[PDB]
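Take a look at the structure set out below.
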Amino acid sequence: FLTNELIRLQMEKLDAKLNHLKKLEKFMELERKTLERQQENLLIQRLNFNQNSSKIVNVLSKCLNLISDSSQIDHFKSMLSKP
Amino acid sequence: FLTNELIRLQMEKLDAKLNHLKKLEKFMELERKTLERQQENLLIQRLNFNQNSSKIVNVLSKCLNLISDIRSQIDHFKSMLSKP
Amino acid sequence: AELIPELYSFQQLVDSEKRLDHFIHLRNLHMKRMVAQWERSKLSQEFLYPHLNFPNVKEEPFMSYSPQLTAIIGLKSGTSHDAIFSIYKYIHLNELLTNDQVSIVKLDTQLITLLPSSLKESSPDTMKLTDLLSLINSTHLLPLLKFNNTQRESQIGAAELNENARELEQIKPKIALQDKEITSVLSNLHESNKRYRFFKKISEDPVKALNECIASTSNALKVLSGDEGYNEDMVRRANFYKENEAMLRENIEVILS
Amino acid sequence: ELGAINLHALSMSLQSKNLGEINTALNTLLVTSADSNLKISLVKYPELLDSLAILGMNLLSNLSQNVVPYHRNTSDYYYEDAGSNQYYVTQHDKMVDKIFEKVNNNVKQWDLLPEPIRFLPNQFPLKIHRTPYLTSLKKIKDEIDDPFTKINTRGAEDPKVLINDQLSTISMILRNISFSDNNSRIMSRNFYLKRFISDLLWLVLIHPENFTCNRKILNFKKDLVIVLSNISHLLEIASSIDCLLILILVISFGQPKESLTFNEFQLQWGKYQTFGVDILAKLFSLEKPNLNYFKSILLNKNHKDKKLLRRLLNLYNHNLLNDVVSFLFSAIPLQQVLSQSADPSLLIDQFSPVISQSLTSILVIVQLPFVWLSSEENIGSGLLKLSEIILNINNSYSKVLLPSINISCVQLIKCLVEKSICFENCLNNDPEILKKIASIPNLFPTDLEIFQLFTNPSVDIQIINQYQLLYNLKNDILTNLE
């Protein structure tokens, strides 16, 4: 009886081991590539919004001048409705 | 007693395999959760900022309408300056 | 069925390591669900990859927009797909839609100024956004090295997914062989169990065990052949003084007989 | 086979003697088996069903009482005489007899037809028999050949097996009768049949040992759940006990091993685990303020009956209906989403929707001291991928697809929000829950998918709203997280 059970254990060991190899290789690969994609997306959208905000501030300066001759989006719209 | 040696070794291997299993499991899981949270974070970030772009666009459109009495941005700005 | 993968219910659980290899099998099922959902996870992560066109930071596809467009999104170039998703969300946020088809959206100068030449001004509509998609896919998208980058995109994860599937299939048949061995050793375990049960029962008090096994063997002999209701009761006294349904059944008989 | 014409065998069956019972029962069983042209119509049938249930009740009763019928030394078991009477006596003159009696020397209650069902003194509830389909191998081990099979594969050399197989055959023929219109004849009005079902249940699960072959127990469970499948109307008279019984019956299947307690069934062996949820939907749709309400009391954690009920719940040890949830979560996934195509799905798909229906229905019944959450690295939810599958199918059986995907989405949102608000009301857990909720790969269809969806099919308006509100709650959770 106990002999046979030990054999079963050996089989389960084989199973688990092969599964472990699968796990390690596959999933480390997937997580690495996903992390890379994520960080790319992150930094690219960061700089995107940077360009945006800069443009917005420029427009702010312009419309400020124009209204005077008649975030800060708060004060912008404030002066806007004021005029 | 060689038998008992074998038995203890089987037990220990069982424990070690279980521990390795569950550790690697939770490890993958938490990595996945991290990646996810950060992914949806990036998503909503993009959403909000496109919203802001469109918002200030509508704002400057209102302003252009007020003038009654990016390329198009600076264009309308120069037009308003000329009108002034 | 359930027999095929296992039989472990109770065996007296002598040296009860059966719980432990049980747990092992359980965690195998755990890993099975794990790998399954992982394949699905990689599928899903892929899903977006063929449909994204944002990467610009590290022929050239970013086509410039129209003055109307740079008035709309404030962005100058890129792909039509990004612009159309943008205006999609624009309709969503301004909620100019209508839901009685739904693609009918209440037109606005913020939009109709995209096509003012056809005297769309004659009719600010609530019309199919699809009509606009058809309109703004070439009407305002116009113009006025890094080839290697086309490599590093969606295809990557697809290929590695294929590799993983291939190596999983590679390992599968070994697993099948191990399962065959499992079935074998299980059946052997089962027989040996039967034998042990038999033998210990003999150990108990061989008189009764012998009598019973003998009678059962005889009964098996008979049932594997023609069957007779009673081997005995030529000893009339017993089954007739100690039984009376004979009377009633008889009564039933004689009425017809 | 052949011969075997008449229906009125009921008469002989109604008779109380072993002989007639055998003669009929066996025959009529063989009859109802045959279906090539053989069916049991309904004209003045009902008497059949009555007789049947009466027989089963009495037999199972005195079995539980461990006493053989059909053979005593009493007979024609009441008065026998030809006394002083022509037609009308026992008036005033009867007292003269007393006078006569006092000088020569020089009212009742009647029981009802069947016996009581529960409260039976010997039968007192002790937890046994809450074991899964595993027992099949037990069955094997039981049916295994061995010098001590004790499977008298022959007739009744002792009456115990006789009663056993009697009840077995009765159950079988009852099953076979139950495959047509005339389900209405069986429809919850053969109060006899229902009494039979009840007490039979109360035995098979609370079974002090009188049943020989475990395989008989399997047969009973099996054809019982089948005949249940052919009911789609009221049940549960003296309900509570019966309701818990039926729940344990359906829970019989599926492999057990907090978290989900049930390994999803690898769908290539069984077909009864089907019938289980089939009934737990059909015989549970009646929102009449009884059945639903009985299970609602089963949320909790003559009059002696009530004592019984809790008596079993603590004798099933927190909560328990989570087990029902886990059970419901079987047979759907992990095989069709792991196949090579979506066409072989459609078959078991036909089967699928009633399950989700049952689930969301019971989630109307959970809106008090608990700890419940059921998305914890236990299932995830391929429901999204499944929905995508059926969607791609749509734009590439029938009549069930759209409702299935719709209710899948509704299920998702409702379970999400109910979990959240529940552990809000308790507030026994950190806001990490949100983060926890925000940490599912199987969740929240990507907004790009929403967008591209919003265009192509244009034939899924309601479904579009489903996904719409879903994404809405998603974005809400994202925002208010911070």
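Lettering and numbering for the structure tokens are positional, with chains as A, B, ... in the shown order, residues counted from 1 in each chain, and ligands counted from 1 in the shown order.
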
Query - Surrounding residues of range 31-46 of chain B excluding itself and chain neighbours under 6 positions, 10 Å, only C-alpha atoms, as number ranges by chain - result: A: 31, 34-35, 38-39, 41-42, 45-46, 48-49; B: 52; C: 41; D: 435-441, 444, 446-447, 474-475, 478-479

Go ahead and write the selection's residues with N, CA and C atoms as a tab-separated table (two decimals), in the first residue's frame.
```tsv
chain	number	residue	atom	x	y	z
A	31	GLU	N	4.72	39.25	-17.83
A	31	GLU	CA	4.71	40.40	-16.94
A	31	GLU	C	5.76	41.42	-17.35
A	34	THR	N	4.39	43.33	-20.43
A	34	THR	CA	3.30	44.21	-20.04
A	34	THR	C	3.82	45.42	-19.30
A	35	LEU	N	4.75	45.22	-18.37
A	35	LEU	CA	5.34	46.34	-17.65
A	35	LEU	C	5.95	47.34	-18.62
A	38	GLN	N	3.25	49.30	-20.37
A	38	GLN	CA	2.64	50.22	-19.44
A	38	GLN	C	3.49	51.47	-19.28
A	39	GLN	N	4.79	51.29	-19.04
A	39	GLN	CA	5.63	52.46	-18.79
A	39	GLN	C	5.73	53.33	-20.03
A	41	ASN	N	3.36	53.74	-22.32
A	41	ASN	CA	2.10	54.48	-22.33
A	41	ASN	C	2.14	55.62	-21.33
A	42	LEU	N	2.64	55.33	-20.13
A	42	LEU	CA	2.68	56.31	-19.06
A	42	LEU	C	3.43	57.55	-19.51
A	45	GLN	N	1.94	59.61	-22.44
A	45	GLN	CA	0.80	60.46	-22.12
A	45	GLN	C	1.20	61.59	-21.20
A	46	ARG	N	2.19	61.36	-20.34
A	46	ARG	CA	2.73	62.44	-19.53
A	46	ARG	C	3.16	63.61	-20.40
A	48	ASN	N	2.47	64.17	-23.46
A	48	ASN	CA	1.31	64.68	-24.19
A	48	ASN	C	0.62	65.77	-23.39
A	49	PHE	N	0.24	65.46	-22.16
A	49	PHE	CA	-0.45	66.44	-21.34
A	49	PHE	C	0.43	67.64	-21.06
B	52	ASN	N	-10.36	67.80	-20.63
B	52	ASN	CA	-9.91	69.17	-20.39
B	52	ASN	C	-9.63	69.89	-21.69
C	41	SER	N	-5.85	35.94	-19.99
C	41	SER	CA	-5.32	37.25	-19.66
C	41	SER	C	-4.43	37.77	-20.76
D	435	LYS	N	-9.79	49.36	-3.99
D	435	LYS	CA	-8.57	48.88	-4.61
D	435	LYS	C	-8.68	47.40	-4.93
D	436	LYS	N	-9.12	46.61	-3.96
D	436	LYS	CA	-9.36	45.20	-4.22
D	436	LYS	C	-10.29	45.03	-5.41
D	437	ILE	N	-11.44	45.70	-5.37
D	437	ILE	CA	-12.35	45.67	-6.51
D	437	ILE	C	-11.64	46.17	-7.76
D	438	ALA	N	-10.82	47.17	-7.62
D	438	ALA	CA	-10.12	47.71	-8.77
D	438	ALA	C	-9.03	46.81	-9.26
D	439	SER	N	-8.93	45.57	-8.78
D	439	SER	CA	-7.78	44.74	-9.08
D	439	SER	C	-8.18	43.43	-9.72
D	440	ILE	N	-9.03	43.49	-10.74
D	440	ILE	CA	-9.56	42.29	-11.39
D	440	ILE	C	-9.23	42.36	-12.87
D	441	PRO	N	-8.52	41.38	-13.43
D	441	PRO	CA	-8.31	41.38	-14.88
D	441	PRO	C	-9.55	40.99	-15.65
D	444	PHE	N	-14.60	45.00	-16.06
D	444	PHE	CA	-14.67	46.33	-16.63
D	444	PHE	C	-14.20	46.37	-18.07
D	446	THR	N	-12.89	47.12	-21.59
D	446	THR	CA	-12.08	48.29	-21.91
D	446	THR	C	-12.89	49.28	-22.73
D	447	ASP	N	-12.63	50.56	-22.49
D	447	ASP	CA	-13.42	51.60	-23.13
D	447	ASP	C	-13.27	51.57	-24.64
D	474	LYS	N	-17.95	51.60	-13.32
D	474	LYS	CA	-16.51	51.43	-13.35
D	474	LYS	C	-15.81	52.76	-13.12
D	475	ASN	N	-16.08	53.72	-14.01
D	475	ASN	CA	-15.44	55.02	-13.93
D	475	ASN	C	-15.73	55.70	-12.61
D	478	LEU	N	-13.43	54.24	-10.10
D	478	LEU	CA	-12.11	54.80	-10.34
D	478	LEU	C	-11.99	56.18	-9.69
D	479	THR	N	-12.92	57.06	-10.02
D	479	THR	CA	-12.88	58.43	-9.51
D	479	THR	C	-12.91	58.45	-7.99
```

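By only C-alpha atoms, and with residues fewer than 3 positions from residue 50 in chain B along its chain excluded, the set lying at most 12 Å from it is residues 45, 48, 49, 52 and 53 of chain A; 43, 44, 45, 46, 47, 53, 54, 55, 56 and 57 of chain B; 72, 73, 74, 75, 82, 83, 85, 86, 87, 88, 89, 90 and 93 of chain C.
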
Written selection (N, CA and C atoms) as a PDB file, in the first residue's frame:
```
ATOM      1  N   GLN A  45       1.944  59.614 -22.440  1.00  0.00           N
ATOM      2  CA  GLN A  45       0.804  60.458 -22.121  1.00  0.00           C
ATOM      3  C   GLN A  45       1.200  61.595 -21.198  1.00  0.00           C
ATOM      4  N   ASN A  48       2.466  64.167 -23.465  1.00  0.00           N
ATOM      5  CA  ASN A  48       1.308  64.678 -24.187  1.00  0.00           C
ATOM      6  C   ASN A  48       0.624  65.773 -23.391  1.00  0.00           C
ATOM      7  N   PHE A  49       0.244  65.456 -22.157  1.00  0.00           N
ATOM      8  CA  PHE A  49      -0.452  66.435 -21.337  1.00  0.00           C
ATOM      9  C   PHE A  49       0.432  67.638 -21.061  1.00  0.00           C
ATOM     10  N   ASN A  52       0.028  69.824 -23.939  1.00  0.00           N
ATOM     11  CA  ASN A  52      -1.302  70.403 -23.807  1.00  0.00           C
ATOM     12  C   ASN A  52      -1.281  71.597 -22.869  1.00  0.00           C
ATOM     13  N   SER A  53      -0.955  71.351 -21.599  1.00  0.00           N
ATOM     14  CA  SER A  53      -0.981  72.386 -20.575  1.00  0.00           C
ATOM     15  C   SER A  53      -0.204  73.617 -21.008  1.00  0.00           C
TER      16      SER A  53
ATOM     17  N   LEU B  43      -5.666  54.992 -17.881  1.00  0.00           N
ATOM     18  CA  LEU B  43      -6.851  55.168 -18.706  1.00  0.00           C
ATOM     19  C   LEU B  43      -7.607  56.420 -18.301  1.00  0.00           C
ATOM     20  N   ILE B  44      -8.051  56.467 -17.046  1.00  0.00           N
ATOM     21  CA  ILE B  44      -8.829  57.613 -16.600  1.00  0.00           C
ATOM     22  C   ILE B  44      -8.019  58.895 -16.721  1.00  0.00           C
ATOM     23  N   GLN B  45      -6.695  58.813 -16.574  1.00  0.00           N
ATOM     24  CA  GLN B  45      -5.869  59.996 -16.780  1.00  0.00           C
ATOM     25  C   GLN B  45      -6.074  60.549 -18.178  1.00  0.00           C
ATOM     26  N   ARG B  46      -5.878  59.693 -19.177  1.00  0.00           N
ATOM     27  CA  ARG B  46      -6.091  60.093 -20.559  1.00  0.00           C
ATOM     28  C   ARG B  46      -7.487  60.663 -20.749  1.00  0.00           C
ATOM     29  N   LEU B  47      -8.483  59.989 -20.178  1.00  0.00           N
ATOM     30  CA  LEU B  47      -9.857  60.457 -20.307  1.00  0.00           C
ATOM     31  C   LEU B  47      -9.989  61.889 -19.819  1.00  0.00           C
ATOM     32  N   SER B  53      -8.982  69.199 -22.627  1.00  0.00           N
ATOM     33  CA  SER B  53      -8.732  69.780 -23.936  1.00  0.00           C
ATOM     34  C   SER B  53     -10.036  70.241 -24.569  1.00  0.00           C
ATOM     35  N   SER B  54     -10.988  69.317 -24.688  1.00  0.00           N
ATOM     36  CA  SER B  54     -12.282  69.662 -25.264  1.00  0.00           C
ATOM     37  C   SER B  54     -12.948  70.793 -24.492  1.00  0.00           C
ATOM     38  N   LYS B  55     -12.769  70.810 -23.172  1.00  0.00           N
ATOM     39  CA  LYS B  55     -13.400  71.827 -22.346  1.00  0.00           C
ATOM     40  C   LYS B  55     -12.885  73.205 -22.716  1.00  0.00           C
ATOM     41  N   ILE B  56     -11.568  73.396 -22.636  1.00  0.00           N
ATOM     42  CA  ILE B  56     -11.009  74.699 -22.974  1.00  0.00           C
ATOM     43  C   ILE B  56     -11.310  75.049 -24.419  1.00  0.00           C
ATOM     44  N   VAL B  57     -11.478  74.043 -25.277  1.00  0.00           N
ATOM     45  CA  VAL B  57     -11.899  74.318 -26.646  1.00  0.00           C
ATOM     46  C   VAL B  57     -13.267  74.986 -26.648  1.00  0.00           C
TER      47      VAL B  57
ATOM     48  N   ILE C  72     -11.247  71.853 -33.189  1.00  0.00           N
ATOM     49  CA  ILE C  72     -12.079  70.907 -32.464  1.00  0.00           C
ATOM     50  C   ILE C  72     -11.262  70.245 -31.370  1.00  0.00           C
ATOM     51  N   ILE C  73     -10.219  69.512 -31.763  1.00  0.00           N
ATOM     52  CA  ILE C  73      -9.414  68.769 -30.798  1.00  0.00           C
ATOM     53  C   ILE C  73      -8.163  69.522 -30.377  1.00  0.00           C
ATOM     54  N   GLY C  74      -7.813  70.606 -31.067  1.00  0.00           N
ATOM     55  CA  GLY C  74      -6.588  71.306 -30.747  1.00  0.00           C
ATOM     56  C   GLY C  74      -5.332  70.538 -31.078  1.00  0.00           C
ATOM     57  N   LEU C  75      -5.464  69.383 -31.719  1.00  0.00           N
ATOM     58  CA  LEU C  75      -4.334  68.564 -32.121  1.00  0.00           C
ATOM     59  C   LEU C  75      -4.195  68.642 -33.632  1.00  0.00           C
ATOM     60  N   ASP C  82      -7.979  58.039 -33.952  1.00  0.00           N
ATOM     61  CA  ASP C  82      -7.927  58.793 -32.710  1.00  0.00           C
ATOM     62  C   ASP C  82      -8.917  59.946 -32.743  1.00  0.00           C
ATOM     63  N   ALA C  83      -8.962  60.668 -33.859  1.00  0.00           N
ATOM     64  CA  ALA C  83      -9.874  61.798 -33.961  1.00  0.00           C
ATOM     65  C   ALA C  83     -11.323  61.353 -33.831  1.00  0.00           C
ATOM     66  N   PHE C  85     -12.562  58.613 -32.388  1.00  0.00           N
ATOM     67  CA  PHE C  85     -12.859  58.247 -31.011  1.00  0.00           C
ATOM     68  C   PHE C  85     -13.011  59.492 -30.151  1.00  0.00           C
ATOM     69  N   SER C  86     -12.197  60.510 -30.422  1.00  0.00           N
ATOM     70  CA  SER C  86     -12.292  61.750 -29.669  1.00  0.00           C
ATOM     71  C   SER C  86     -13.659  62.388 -29.845  1.00  0.00           C
ATOM     72  N   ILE C  87     -14.107  62.527 -31.091  1.00  0.00           N
ATOM     73  CA  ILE C  87     -15.396  63.168 -31.325  1.00  0.00           C
ATOM     74  C   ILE C  87     -16.529  62.293 -30.819  1.00  0.00           C
ATOM     75  N   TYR C  88     -16.333  60.978 -30.830  1.00  0.00           N
ATOM     76  CA  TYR C  88     -17.263  60.060 -30.195  1.00  0.00           C
ATOM     77  C   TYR C  88     -17.459  60.431 -28.735  1.00  0.00           C
ATOM     78  N   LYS C  89     -16.355  60.501 -27.994  1.00  0.00           N
ATOM     79  CA  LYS C  89     -16.447  60.925 -26.606  1.00  0.00           C
ATOM     80  C   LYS C  89     -16.987  62.339 -26.495  1.00  0.00           C
ATOM     81  N   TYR C  90     -16.735  63.171 -27.500  1.00  0.00           N
ATOM     82  CA  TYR C  90     -17.279  64.521 -27.487  1.00  0.00           C
ATOM     83  C   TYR C  90     -18.793  64.480 -27.481  1.00  0.00           C
ATOM     84  N   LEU C  93     -20.037  63.358 -24.087  1.00  0.00           N
ATOM     85  CA  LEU C  93     -20.004  64.331 -23.004  1.00  0.00           C
ATOM     86  C   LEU C  93     -21.008  65.449 -23.234  1.00  0.00           C
TER      87      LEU C  93
END
```

**Report entry** Distance filter 8 Å, only C-alpha atoms, chain C against chain A, as an MDAnalysis selection string
**Finding:** chainID C and resid 15 18 21 24:25 28 31 35 42 55:57 157 164 168 171 175 178 182 185 189 192:193

Query - Filtered DSSP result for range 71-316 of chain D, state alpha helix (DSSP H), as a ChimeraX atom specification - result: /D:93-104,135-143,159-177,191-205,214-229,239-251,272-282,291-297,304-313

Query raised in the report: Any idea what's packed within 10 Å of range 409-411 of chain D, counting only C-alpha atoms, ignoring anything in its chain fewer than 5 positions away? Could you give it as a list in words?
Result: residues 356, 357, 359, 360, 361, 363, 383, 384, 387, 403, 404, 416, 463, 466, 467, 469 and 470 of chain D

Export C-alpha atoms of the chosen residues as a compact mmCIF listing (two decimals), in the first residue's frame?
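Output file result_8.txt is given in full below:
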```txt
# COMPACT_ATOMS: atom_id res chain seq x y z
CA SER D 356 -27.53 32.94 -14.18
CA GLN D 357 -31.25 33.59 -13.87
CA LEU D 359 -28.34 33.47 -9.38
CA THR D 360 -29.51 37.02 -10.00
CA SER D 361 -32.89 36.04 -8.59
CA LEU D 363 -29.40 38.17 -5.34
CA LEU D 383 -18.40 36.23 -18.09
CA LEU D 384 -16.94 39.16 -19.99
CA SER D 387 -20.24 37.77 -23.50
CA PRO D 403 -30.95 37.29 -22.77
CA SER D 404 -27.99 35.26 -21.56
CA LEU D 416 -20.45 44.16 -7.52
CA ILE D 463 -27.19 45.56 -24.24
CA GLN D 466 -26.08 47.49 -20.01
CA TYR D 467 -22.45 47.97 -20.93
CA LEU D 469 -24.12 51.73 -17.05
CA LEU D 470 -21.49 49.09 -16.32
```

Query raised in the report: So which residues touch residue 161 in chain D within 12 Å, counting only C-alpha atoms, skipping near sequence neighbours fewer than 2 positions away, as a PyMOL selection string?
Result: chain D and resi 63+68+150-159+163-168+210-213+216

Query - Contacts of residue 7 in chain C within 12 Å, only C-alpha atoms, excl. fewer than 5 positions in-chain, as number ranges by chain - result: C: 1-2, 18, 22, 182-183, 185-190, 193; D: 133-141

Can you check which parts of chain C lie within 9 Å of chain D? Per residue, the shortest pair of atoms and distance in Å to one decimal, counting only C-alpha atoms, sorted by chain and number, as JSON lines.
```
{"residue": "C:1", "atom": "CA", "partner": "D:269", "partner_atom": "CA", "distance": 5.5}
{"residue": "C:2", "atom": "CA", "partner": "D:134", "partner_atom": "CA", "distance": 7.0}
{"residue": "C:3", "atom": "CA", "partner": "D:137", "partner_atom": "CA", "distance": 6.2}
{"residue": "C:6", "atom": "CA", "partner": "D:137", "partner_atom": "CA", "distance": 9.0}
{"residue": "C:7", "atom": "CA", "partner": "D:137", "partner_atom": "CA", "distance": 6.1}
{"residue": "C:8", "atom": "CA", "partner": "D:137", "partner_atom": "CA", "distance": 8.4}
{"residue": "C:9", "atom": "CA", "partner": "D:138", "partner_atom": "CA", "distance": 7.1}
{"residue": "C:10", "atom": "CA", "partner": "D:138", "partner_atom": "CA", "distance": 8.6}
{"residue": "C:23", "atom": "CA", "partner": "D:257", "partner_atom": "CA", "distance": 8.9}
{"residue": "C:26", "atom": "CA", "partner": "D:257", "partner_atom": "CA", "distance": 7.6}
{"residue": "C:29", "atom": "CA", "partner": "D:263", "partner_atom": "CA", "distance": 8.4}
{"residue": "C:33", "atom": "CA", "partner": "D:334", "partner_atom": "CA", "distance": 7.8}
{"residue": "C:36", "atom": "CA", "partner": "D:338", "partner_atom": "CA", "distance": 7.5}
{"residue": "C:37", "atom": "CA", "partner": "D:382", "partner_atom": "CA", "distance": 8.3}
{"residue": "C:40", "atom": "CA", "partner": "D:385", "partner_atom": "CA", "distance": 8.4}
{"residue": "C:41", "atom": "CA", "partner": "D:441", "partner_atom": "CA", "distance": 7.0}
{"residue": "C:44", "atom": "CA", "partner": "D:385", "partner_atom": "CA", "distance": 8.5}
{"residue": "C:47", "atom": "CA", "partner": "D:449", "partner_atom": "CA", "distance": 9.0}
{"residue": "C:48", "atom": "CA", "partner": "D:448", "partner_atom": "CA", "distance": 7.4}
{"residue": "C:51", "atom": "CA", "partner": "D:448", "partner_atom": "CA", "distance": 8.2}
{"residue": "C:52", "atom": "CA", "partner": "D:448", "partner_atom": "CA", "distance": 8.9}
{"residue": "C:85", "atom": "CA", "partner": "D:451", "partner_atom": "CA", "distance": 7.2}
{"residue": "C:88", "atom": "CA", "partner": "D:451", "partner_atom": "CA", "distance": 7.8}
{"residue": "C:89", "atom": "CA", "partner": "D:451", "partner_atom": "CA", "distance": 8.6}
{"residue": "C:101", "atom": "CA", "partner": "D:458", "partner_atom": "CA", "distance": 8.0}
{"residue": "C:102", "atom": "CA", "partner": "D:461", "partner_atom": "CA", "distance": 8.3}
{"residue": "C:103", "atom": "CA", "partner": "D:455", "partner_atom": "CA", "distance": 8.5}
{"residue": "C:130", "atom": "CA", "partner": "D:455", "partner_atom": "CA", "distance": 8.2}
{"residue": "C:194", "atom": "CA", "partner": "D:146", "partner_atom": "CA", "distance": 7.4}
{"residue": "C:198", "atom": "CA", "partner": "D:147", "partner_atom": "CA", "distance": 7.4}
{"residue": "C:209", "atom": "CA", "partner": "D:147", "partner_atom": "CA", "distance": 8.7}
{"residue": "C:212", "atom": "CA", "partner": "D:148", "partner_atom": "CA", "distance": 7.1}
{"residue": "C:213", "atom": "CA", "partner": "D:147", "partner_atom": "CA", "distance": 4.8}
{"residue": "C:214", "atom": "CA", "partner": "D:147", "partner_atom": "CA", "distance": 8.0}
{"residue": "C:215", "atom": "CA", "partner": "D:147", "partner_atom": "CA", "distance": 8.8}
{"residue": "C:216", "atom": "CA", "partner": "D:147", "partner_atom": "CA", "distance": 6.0}
{"residue": "C:217", "atom": "CA", "partner": "D:147", "partner_atom": "CA", "distance": 7.0}
{"residue": "C:219", "atom": "CA", "partner": "D:152", "partner_atom": "CA", "distance": 9.0}
{"residue": "C:223", "atom": "CA", "partner": "D:154", "partner_atom": "CA", "distance": 7.8}
{"residue": "C:227", "atom": "CA", "partner": "D:154", "partner_atom": "CA", "distance": 8.0}
{"residue": "C:229", "atom": "CA", "partner": "D:155", "partner_atom": "CA", "distance": 7.7}
{"residue": "C:230", "atom": "CA", "partner": "D:157", "partner_atom": "CA", "distance": 8.5}
{"residue": "C:244", "atom": "CA", "partner": "D:71", "partner_atom": "CA", "distance": 7.9}
{"residue": "C:245", "atom": "CA", "partner": "D:71", "partner_atom": "CA", "distance": 6.4}
{"residue": "C:249", "atom": "CA", "partner": "D:19", "partner_atom": "CA", "distance": 8.1}
```
